[PDB]
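In: this one's sequence-less:
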RNA sequence: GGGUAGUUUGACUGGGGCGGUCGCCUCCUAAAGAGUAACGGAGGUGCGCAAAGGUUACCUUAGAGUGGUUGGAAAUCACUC
């Protein structure tokens, strides 16, 4: 059995058809879809505290399911007293089935558990179908336990879509039921 | 141990002294092969690396704009040029 995420089932069985009708696309897979979700977290203070970076990496692992990579400093800078090549950030890429499952978990479970959650700004679009927005308290995810955290942390989420514009991606996200603050 | 004796105590230098310089490497002067002077104009150097060497395989920056927890002009992430 090719086990399939419920999001993938929902997409393939409805969303393709509604978007074809709604945007008069000539051929079927002119329809937008999702290629990757990038979860990033920038801990510049890790240059003092290694525990911060280790905790962030581990908490990302529990949140998603796959291990993270610690990015390095592209350029040595003094304003943040950064030496080139130091460990500064940590990111995870989600694709395919894991991507769909994580987005389902997020939209239905973790966005609800945010303090004063009143939707998400439906305008954080880079003009090319890529939607990036932040979450300040990772504790919204029930996966991580409260006691073991060493410092409350946030993280940025970027959703990359095959769409050529923002309208297409916003329509796809709305069909997915993404709680945009509107 | 200058009581006594034998000697040394550089050169370049718009006179000599004083100052500065003395080997090697890069550019200009150098007039489109090479070479070419001045106390002409700007710099470096008396090392470093057990990989920062050898080879195989795979990747591509910086900048500007744009969307983003602290994050600000600028950190990390994504896209366009």
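Out: Looks like it arrived, so ask away. Numbering: from 1, shown residues only, chains lettered A, B, ... in the order given.
In: need the contact list for residue A:31.
Out: Counting by Cβ atoms under 8 Å, 6 or more residues apart in numbering, residue A:31 touches A:15, A:16, A:19, A:20, A:25. C-betas here are computed from N, CA, C, even on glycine.
In: any idea how far it lies from residue A:153?
Out: For residue A:31, the distance to residue A:153 equals 36 Å [Cβ to Cβ, to the nearest Å].
In: And what about residue A:102, helix, strand or coil?
Out: Assigned with DSSP: H, G, I helix; E, B strand; the rest coil, residue A:102 falls in the helix class.
In: How many residues are close by it?
Out: Neighbours of residue A:102 under the rule other Cβ atoms under 10 Å: 22.
In: how about the nearest residue to it once chain neighbours are set aside, what does it touch?
Out: Nearest residue to residue A:102, sequence neighbours excluded (Cβ to Cβ, 6 or more residues apart in numbering): residue A:94, at 5.1 Å. Residue A:94 makes contacts with A:36, A:37, A:38, A:39, A:64, A:66, A:102, A:103, as judged by Cβ under 8 Å, 6+ apart.
In: where exactly do the strands run in chain A?
Out: A:34-42, A:69-72, A:87-94, A:120-121, A:130-135, A:155-161, A:180-181 (DSSP state E).
In: As a markdown table, these with distance to residue A:170 would be great.
Out: Below are those laid out as a markdown table (distance: least, Cβ to Cβ, whole Å):
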| stretch | distance to residue A:170 |
| --- | --- |
| strand A:34-42 | 13 |
| strand A:69-72 | 29 |
| strand A:87-94 | 21 |
| strand A:120-121 | 11 |
| strand A:130-135 | 8 |
| strand A:155-161 | 10 |
| strand A:180-181 | 8 |
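In: For these, give me TSV that also has distance to RNA strand B.
Out: As requested, those are exported to TSV (distance: least, Cβ to the nearest atom of the strand, whole Å):
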stretch	distance to RNA strand B
strand A:34-42	3
strand A:69-72	4
strand A:87-94	2
strand A:120-121	6
strand A:130-135	3
strand A:155-161	4
strand A:180-181	12
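In: still on that earlier bit, which one of the contacts of residue A:31 is nearest to residue A:135?
Out: residue A:15 (24.6 Å; Cβ to Cβ).
In: Tell me, how many residues neighbour that closest one?
Out: Residue A:15, neighbours per other Cβ under 10 Å, totals 18.
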